[PDB]
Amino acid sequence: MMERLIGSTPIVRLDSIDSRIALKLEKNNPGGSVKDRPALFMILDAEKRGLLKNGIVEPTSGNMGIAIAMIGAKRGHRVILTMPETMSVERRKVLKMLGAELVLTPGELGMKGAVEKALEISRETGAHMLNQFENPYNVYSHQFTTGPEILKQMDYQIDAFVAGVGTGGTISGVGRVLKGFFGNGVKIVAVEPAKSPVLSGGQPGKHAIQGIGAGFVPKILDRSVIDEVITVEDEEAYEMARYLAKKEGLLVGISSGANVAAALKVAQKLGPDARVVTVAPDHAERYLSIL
């Protein structure tokens, strides 16, 4: 069921915004986000290695936790999530509907606080941490599914791929495929918040772009495939998410707004025949309380 439903998502051209921008719509996944792919890969790996006797505990900003909970619900794994109290309340409710357990961690501690608590619960319960920031299967999910899909959906002609970095899974897996095919003929652009520009060589900080900018450089981030880093302001991301819904009818989340805002800045630096691709990580109904 899950193996079959996850991936093979559609791409749309954003004609009412900039007709050079194509948005891959990951909300079509059964868990409602891109994170279904890495969750599936990391889980199948841990099962075959015999690591899930006591279930799974994973820190999350929301989406990876929802994906793990969904797959765990179907496959019969106990799932515990830790997540900062600052993530949208919709996340908490979804996790509960999926019968997962949740421990909220302090907002000012961000993703590091969630990781810390997850490490504790893992030791206390014996639940296995998939560790999205270090697990190479996160990258393999995008290397073997997302990247191949994007490559063919764009008819093997792409000038730039633009993606927010959360775990770094998406840009790394997709970037490996695209650099493999295009070499220097394609630009791979990482997106991060202006408020937390760690990839640009700056300081971590509080920001509102849920799902990106963890405040540190993930171990799985494959820097050799990344050409540049662009920053996006919080209000830029929200504005674009809202614009996508009103002008394209696309019910996409905050990080999709950030991706598209950044893709627009990329496309403007290039010619009229530029082909720019980005991802819409999730849907707008996960953000009704704040978007």
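So that there is no doubt, residue numbering starts at 1 and follows the sequence shown.
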Between the two ranges 205-213 and 168-176, the one averaging a larger CA B factor in the entry: 205-213
Of 36-44 and 227-235, the one with larger mean CA B-factor: 227-235
Out of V198, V94, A73, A118, highest CA B-factor residue: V198
Residue of maximum C-alpha B factor among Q143, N135, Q153, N184, per deposited coordinates: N184
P148 - which third its CA temperature factor falls in, relative to the rest of the chain: lowest
Chain-wide C-alpha B factor ranking for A262, given as lowest, middle or highest third: middle
CA B-factor placement of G99, once the chain's modelled residues are sorted into thirds: lowest
Ranked C-alpha temperature factor of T105 among modelled chain residues, by third: highest
Relative C-alpha B-factor of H128, binned into the chain's lowest, middle or highest third: middle
